[PDB]
Structure formats: C-alpha cells, structure tokens
Amino acid sequence: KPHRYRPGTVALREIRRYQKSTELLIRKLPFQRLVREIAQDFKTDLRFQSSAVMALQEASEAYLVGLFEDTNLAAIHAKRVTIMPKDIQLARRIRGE
Amino acid sequence: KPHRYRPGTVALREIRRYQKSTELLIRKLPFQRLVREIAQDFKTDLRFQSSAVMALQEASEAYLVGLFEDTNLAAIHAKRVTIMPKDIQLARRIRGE
Amino acid sequence: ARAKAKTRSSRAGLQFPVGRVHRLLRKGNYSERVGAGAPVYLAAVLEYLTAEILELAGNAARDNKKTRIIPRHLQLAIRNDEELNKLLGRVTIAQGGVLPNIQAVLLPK
Amino acid sequence: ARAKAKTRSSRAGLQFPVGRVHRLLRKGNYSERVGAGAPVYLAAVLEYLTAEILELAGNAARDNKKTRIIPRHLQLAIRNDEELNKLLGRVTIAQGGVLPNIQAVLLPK
Amino acid sequence: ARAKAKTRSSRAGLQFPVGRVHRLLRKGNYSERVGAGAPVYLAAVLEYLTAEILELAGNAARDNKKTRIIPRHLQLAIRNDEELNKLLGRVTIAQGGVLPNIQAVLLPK
Amino acid sequence: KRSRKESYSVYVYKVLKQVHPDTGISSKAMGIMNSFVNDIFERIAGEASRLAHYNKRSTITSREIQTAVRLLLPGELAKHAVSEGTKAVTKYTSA
Amino acid sequence: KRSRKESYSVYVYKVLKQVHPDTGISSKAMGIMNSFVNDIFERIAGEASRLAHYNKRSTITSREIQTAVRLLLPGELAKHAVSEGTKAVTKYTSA
Amino acid sequence: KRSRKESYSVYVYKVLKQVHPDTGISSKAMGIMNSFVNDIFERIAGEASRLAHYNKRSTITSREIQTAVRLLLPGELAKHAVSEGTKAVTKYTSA
Amino acid sequence: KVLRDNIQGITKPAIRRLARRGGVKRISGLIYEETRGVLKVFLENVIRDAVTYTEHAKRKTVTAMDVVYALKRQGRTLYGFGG
Amino acid sequence: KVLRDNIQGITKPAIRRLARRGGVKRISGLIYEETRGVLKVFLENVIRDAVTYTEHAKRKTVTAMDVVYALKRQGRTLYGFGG
C-alpha cells in the first residue's frame, strides 16, 4: 500500500524546513516580470539593477511572512487553525494600512 | 414595575454620547498623582506644567482608545461582544508592543 | 535712492511668508545652500494644504451650525477624508475625539 | 617640526575611525559645530554595539558549528535578544530567514 | 529713463493677457470706464475654468489612452460635470458625439 | 500678405502644460476652446454691462465682475473662481 | 518686558477669511494648526535634506521639494500642490 | 582604477578579531553590518541634531549624544553604552 | 508626597468610559487591571523619554514641549501644545 | 513590449511556501488572490517612491540604493543592500 501522511504533518515539516531555510521562495524571473509590469505603470521602458529586484524580493517576502504570522495569530485568536482573507484584512487594519 | 432598560441599550447611548463628546474620561487629579508617582521613580522632585500633564492625558486616551478599537475588531473577529484581556494582548503584539 | 519694500510672498502672489520659511530652512540645517524657488514652493504647498483643510473644517462647522472652527471639527474633517487619514494615520489631536462609529453587530437585532 | 601623526581612535583606545565619523558629522549637516568628544563618544557607542552583535553572531555560528558568520546567524542573534529586537523590530535582514516558532495549538497532541 | 516693461498678466502672474482683455472690454461697448482689477479678475476666472476643463480633458484622454485631447474628450468631460453640464446644456460641440447612455428597458430581459 | 487674427491658443497651451505637461492637444479642440473663451467672455461682459446700467454705475469694477460670475457660474465653480480672482486682484494690488 | 514668540496666526487667519469669510476659529484649534504646519515643515525639510545627500547636492531646489511632496503627500494633493507651486514659481520667475 | 568608495570593512574585522579571533565573516554579512552601523549612526545624528535644536545649540557635543543613546537604546544596552563611551571620552580627554 | 498605588486612581468606570469612546459594548472584569498595566507601560516609556529630555534641558520641571518631543519620538504625534 | 498578467506569476505553491515560513498550518483557497492584491499594493507603494527617487536622480535605470531609500521611508528598512 502506498504511504500517505495524515494531513498537516507534511505541512508542519514544511514549516520546520522553511523556517530553517533562508533562501527566497519566489521564482526570480516572474517576480522581475511583475516588478517591471508595475514599473511601466509609473514610467515605461526603465532599466533595473538585478540587486534592486533581489532587494524588492527580500522585502516583499519579509512583509508577506510577517503578515502571515499576524494572520496566524488572528486565526488562532479566533480559535481556528485555517487562515481566512478576513484575517488578513483584520491584520492590515490593526497595522494601520 | 419600575423602568429598567435591557442590557446594551445604556451602552449604546453612552457610546453615542462619548463618541459625540470630546471631554476627558479620566479624573484629572488622580491622573496627575499617578504621573508624579511614576516620574518620581525616575527623577526626584519633578515638577509639571499642568499643560504637560494634560498633553500626557490626551496621549493616554488616544493610545488607549485606539487600542480598544483594535480590541473591538479582534472581538468581532472572534464572533464575540465581550472583550477579554487576551484580545488586548493580541492587539499589542500584532502592533508589536 | 532705494527701491520700495515689496514682499517675496507678494512676488509669488502668496500669503505664506517666504522670508520666514527661507530663514527657518537656512537655520534648520537641511543643506548649506538652498534654491531660491524651494522655500516659495514650500510655502505655496503649506498654504494650499492649510486652505483645503480649512475648507473642510468650515464645511464640518457649517454642518453642525457653528461659526467657529473647533478641534472636534478638525477631527471630523481629517478622519472622514481617506486621503487626509492616510496622510495623518499616526497623528493625534488634542480634545479631538473620534468618528461616531459603531459596528453593525453591536447594533440590536 | 611636526610630531608623529597619531590616531584619535588609538587615543581613545578604539577601533572605529574618529576622523571619518567626525567628517561624516561635519558633512552630514546636523550642526555647523561639533564638540570634539562627541564623535569619540559616538564611535565608542558604535564599537560597543558592534561588539555585542558580533559576539552573539559568533556564538550562534559556533552553535551551528560554523566557522564563518552567516546572515542567518545575524538574524538568529538579533531576534533572540529582547533589547536588540526592541531596538530593531522594524528592520529586516536580507536572507535572514525567520525564527523557528510554532504555536502550541499548531502542534499535535 | 524708463523701466523695463512688465506685463499686467505677469504682475498678476496669470497666463491670460490682461492687456488684450482690457482692450476688448474697451472696444466691446460695455462701459465708458473699466476698473483696473476687473479684466484681471476676468482673466483669473477664465484661466481657472479653462484649467479645470483642461484637467477634465486630460483625464478623459488618459482614460482613452490618447496623448492629445479631442472634441470627443471635450464632450465626455463637459457632460459628466453637472455644473459644467447645465452651464453648457444649450451649447453644442463640433464632432462631440453624445454620452454613452441607454435607458433601462432598452436592455434585454 | 495676410492680416493678423487674434486667437487664444498660446495662453491655453501654457495652461495645458502647467496642468498636464504630458498631454497634447488637437487644433479643432483649440477652436472649441476659442469659442469657449469668447462666449464666456461675452457672457460676463454683457452681464457686467447690464449690472452697471442697473445701479447706473458708468464704470465696471472687479466687484461687478464678481457679481456677474456669481450669477452665471454655479456654486463650487463660482466659489473657486471667486477665490482665484480674489487672490489675483490681491497680488496685483500688492504689485 | 517679554521676548517675542513666533506663530502662524496671521497667515492661517487670513487664509481662513479667504476660504471662508464668515467662519471664525477657536484658539486651541489654531494651536493644532500650528503643530500641523510645523510638523509638515520638518517632514518636507528632512526629506529634502536626505534627498540632497543622496544626489550629493549641497543645494536644495524646488525639484527636491516637489520630489518630497510626491513622496510624502499621496495622490491628488501631491499633483494639485505641484500645479499650484509651479504657478507660484512661475509668478516668482516673472517677479 | 576608479574612485575610492568608503567602507567599514577593516574596523569591523578588527572588532571581530577582538571578540572572536577564531571565526570568519561573509561579505554579504559585511554589507549587513555596514547597513547596521550607518543606520544607527544616522539615527543618533538625527536625534543629536533635534536635541541641539531644542536647546538652540549651535554645537553638537557629547552630552546630548549620551542623551540620545539613552533615549534610543533600551535599558542595559544604553547603560553599558554610556559606560563605554564615558571610558573612551575620559581616555581621549587624557589624550 | 510619596505615592503608592495611584495606578488604581484610574477608576474602573473611567475605563468603561474609555471603552465606550472606543465603542466597546461589553467589558470583562479581568480587563481593568490588565489595561492599567498596559497604560502603565505606555506612561513609563513616554515619561522616561520626557524625563531624559528634561535633565538634558537642565530643568527641574517637565515642559509640554518635552512631552510632545517624546510622543513624536514614538510615532504618536500629538497636536495642540505649541509644537 | 507591454505586460498584461504577471501577478499570477506569484503562484499558489510559492504562497504556500511563504505561509509555511509564516507558520501557517492550513491555508484557505480564498487566500491567494487576496495576498496577490496585498502584495500588489505593497509593491506599488514602494516602487512609486522608487520611481520618484530614480527620476529625481535623473536616471532611467532603477538602482537598489533608491529601493533602500523607499523602504526606509515606509518604515521597512532592509539590511543587506545599503551601499
């Protein structure tokens, strides 16, 4: 019989793994694509240092992750383990955004 | 029977009053006493402009009141109407206090 | 023998003091030289912002039938404008109060 | 007839450049005059702070048996001190990762 | 002998010609005498209204992704501002077209 | 050889680049603007003349123009035009 | 004998009478306005200072101030301030 | 070659060998420490400028540097920073 | 002179007033002491800052300018006190 | 030349990875598009400022140092790219 883990066990191992890891979790070139797409909405045909793209990737991942710890706090504060977009809206409203 | 409002009606009326009002919700003299009590612990024989104590006041109700809308958002997130101190703790920690 | 005194605020056609803002920027230590149009531009920006917030406070005072601007009027004017709220999300006002605001679940039925 | 040009960091027994930091303060436009002991005091404070953060980083690298300090070790050091994290809560380290943290309700029975 | 000539539009700091408008009012048979500030006031209010309708036209062109304003943009701008709309309800624009407007029962179902 | 003809193109061009440096203009839109400025100028001038006749005032001042623009321009446009003209006549008075 | 103290009282009161001739003001509201106008003054001034450092310029010009307005003031207030300040700079240029 | 670019590599390397002769350093972590020290430096410089302005002081001296580091740094970090700075100030005072 | 528990000088009905200004409907009994501790932390931080201003000012008396400097140090700017 | 849809380039498994870094055990299906919108908001907020810096620097190439300026403007100072 092919093994199947009970749910969340792999999720917890993922949590341990990616808390242990330091690297970026976003695909680099699609992120560059989206950054340039937002950029042309302000000024077209600009050039980018790849360092600027990596800095934006780091800051974006950090802001997202901190938002997710706040979301996790809200969800467990609501006595749930599944996060919801309303949790994110709550967290952003608490942060003053 | 004598008149008696159901629970929450007086709360609604006083919420409307105090949102409409701007006047201080703290008795001024014990507030000044507490300010002198805390300040003596850091430096002896400290004297106060009364205006300085008042500015310390509206800073106090400002921070506290904003903390209670955060708490109310947590409570309505938590499907409750009665706030509990862990809601305040959640608001402080998500703000990063 | 000498030209008559004429203010630089009038030279911009503005009310906010060009010379005062120039002196404050020079003594506020932001750069060792300053462009001539920079304090004029700054005073124009502050005059515009003051004028628009004074308009909003005037509307707030007229809605509550009061002739004079009140810090309650200022609080209501700033907090009801999402642009100015995002300008001043971290600013507190003395004796300002808050928006009259209730959650719908707090209302009965 | 000049004496030997001695260095003010050695005069204060310090590592950080007194002259460079004094030059930065003179050209960073914070006041037109700078007291002589002020950059010395600043450099000492900075040396103290760098000493503690580098010591914690080396301790963390030793804990991970690593002989060359890592930005992961910098994150682990800066976040596991209460006063340092209170100093630098809003500041992010590139490639720092996150603290190992799982809530107890997330953990299984 | 004579100072350098300064235009009254520059003295007001507004772009519309004060001298041209004053000359027009002198030769337009409206009064035997005109107060000096009256054509200035006229040029100011004209430049305000042209400025605001030019903002509306520029927004319309940018919404239509066009660099240069066209009479269709003028139609769309002038009809969607109610004060301007009833200001020019009886005033017609060359090649302006009409607003996109369909009555409710004209739609199916 | 031609005869010089008046138009308001260049002042509107300065105003346009003041409010939108990035936005161009078509010339027939400028013809519509020329009809606009001439028509509104004529409206205000006729109102000012008739008001000057009503009080038997043989001179039209900025008070009269203010009255006329308050009559024709509605409200929000009226109050902002009043503000702009008041600032303009004030800074001219200082000049 | 008292040393003179600076305030924004005359300017805010005159611009109030410009925007609303019929509207009064309370004095502590004027204190709030003093704090506001001062606060924005150091916000723009500090932004201009650091932007002058970043391009290594020892002179802060109107370009720096306009850039700082685009930074701190979001959306429509920024572009309206740019237009009015450009008008003021142009009128000073004519001055 | 090119123009010189300022860095803090040598001083941080010396301090590292003071606290840990045995261990090494990565260059990206070196960039992190440069960002760290520049950030703290500009912070302390900012509050020094503000405090000197509050007392209307044309000269920035060590006492308000002490005030600012006591203000920012939390608790025992601040007290030991005061101790280290006081020691270095006394030693430089003794040349 | 020496004051001992003026933290309870912030009365429970005053806390109810502050909550109603925040639009809070129902308040637990556990709330008041916890909020007293929270406001205690807030006040001690800001008065530490304001004090440090004051002895740096070589003054014995706290001024409101020191207070508003302390609040703007914390990103909690207050208007209306001569700032 | 133009780009039309790269917000979907931030794929669902990447968001899952970020959430596991965030300590999230369970993720709803409604999360991902809302996080895309939130990310879009944060990125546009920083990059509008970055464009402002770069144009004020009279450059058409975006530099990371301006990204540092923009991030520390919005209270989100990043270590590892200064200079």
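One-based numbering along the chain as shown.
Recorded method is electron microscopy, 9.8 Å.
Cβ from N, Cα, C; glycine included.
So that you can see what the record holds, here are the features copied from Swiss-Prot:
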{"type": "CROSSLNK", "residues": "G:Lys5", "note": "ubiquitin cross-link"}
{"type": "CROSSLNK", "residues": "G:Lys91", "note": "ubiquitin cross-link"}
{"type": "CARBOHYD", "residues": "G:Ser83", "note": "O-linked glycosylation site"}
{"type": "MOD_RES", "residues": "G:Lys5", "note": "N6-(beta-hydroxybutyryl)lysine"}
{"type": "MOD_RES", "residues": "G:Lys5", "note": "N6-succinyllysine"}
{"type": "MOD_RES", "residues": "G:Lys14", "note": "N6-(2-hydroxyisobutyryl)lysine"}
{"type": "MOD_RES", "residues": "G:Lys17", "note": "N6-glutaryllysine"}
{"type": "MOD_RES", "residues": "G:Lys17", "note": "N6-(2-hydroxyisobutyryl)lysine"}
{"type": "MOD_RES", "residues": "G:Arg57", "note": "omega-N-methylarginine"}
{"type": "MOD_RES", "residues": "G:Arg63", "note": "omega-N-methylarginine"}
{"type": "MOD_RES", "residues": "G:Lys79", "note": "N6-(2-hydroxyisobutyryl)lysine"}
{"type": "MOD_RES", "residues": "G:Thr86", "note": "phosphothreonine"}
{"type": "MOD_RES", "residues": "G:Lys87", "note": "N6-methylated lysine"}
{"type": "MOD_RES", "residues": "G:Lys87", "note": "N6-glutaryllysine"}
{"type": "MOD_RES", "residues": "G:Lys91", "note": "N6-(2-hydroxyisobutyryl)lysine"}
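The structure, with features from Swiss-Prot marked on it.
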| residue | record | DSSP class |
| --- | --- | --- |
| G:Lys5 | ubiquitin cross-link | coil |
| G:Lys14 | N6-(2-hydroxyisobutyryl)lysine | helix |
| G:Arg57 | omega-N-methylarginine | coil |
| G:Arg63 | omega-N-methylarginine | helix |
| G:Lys79 | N6-(2-hydroxyisobutyryl)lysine | helix |
| G:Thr86 | phosphothreonine | helix |
| G:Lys91 | ubiquitin cross-link | helix |
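Here the recorded positions are G:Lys5, G:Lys14, G:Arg57, G:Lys87, G:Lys91, and the one whose Cβ sees the fewest other Cβ atoms within 10 Å is G:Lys5. Taking the Cβ of G:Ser83 (O-linked glycosylation site) as centre and 10 Å as the limit, one finds 16 other Cβ atoms among all the protein chains shown. A 10 Å cutoff on Cβ-Cβ distances gives G:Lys79 (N6-(2-hydroxyisobutyryl)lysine) a total of 15 other Cβ atoms nearby, all chains included. If you draw a 10 Å sphere around the CB of the residue listed as 'phosphothreonine', it holds 19 other CB atoms from the protein chains shown. Note: none of the recorded positions G:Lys5, G:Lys14, G:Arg57, G:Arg63, G:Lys79, G:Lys87 has a C-beta at a distance under 8 Å from a chain B C-beta. When the modified residues G:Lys17, G:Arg63 are compared by the number of other C-beta atoms lying within 10 angstroms of their own C-beta, G:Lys17 comes out lowest. Taking only the Cα positions, the spacing between G:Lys91 (ubiquitin cross-link) and G:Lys14 (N6-(2-hydroxyisobutyryl)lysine) is 21 angstrom. Comparing CA positions across the recorded positions G:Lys5, G:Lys14, G:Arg57, G:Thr86, the one lying closest to G:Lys79 (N6-(2-hydroxyisobutyryl)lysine) turns out to be G:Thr86. Checking the recorded positions G:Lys5, G:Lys14, G:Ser83, G:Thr86, G:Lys87 against chain F with a Cβ-Cβ cut-off of under 8 Å leaves G:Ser83, G:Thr86, G:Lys87.
The two recorded residues G:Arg57 (omega-N-methylarginine) and the residue listed as 'O-linked glycosylation site' have their Cα atoms spaced 25 Å from each other.
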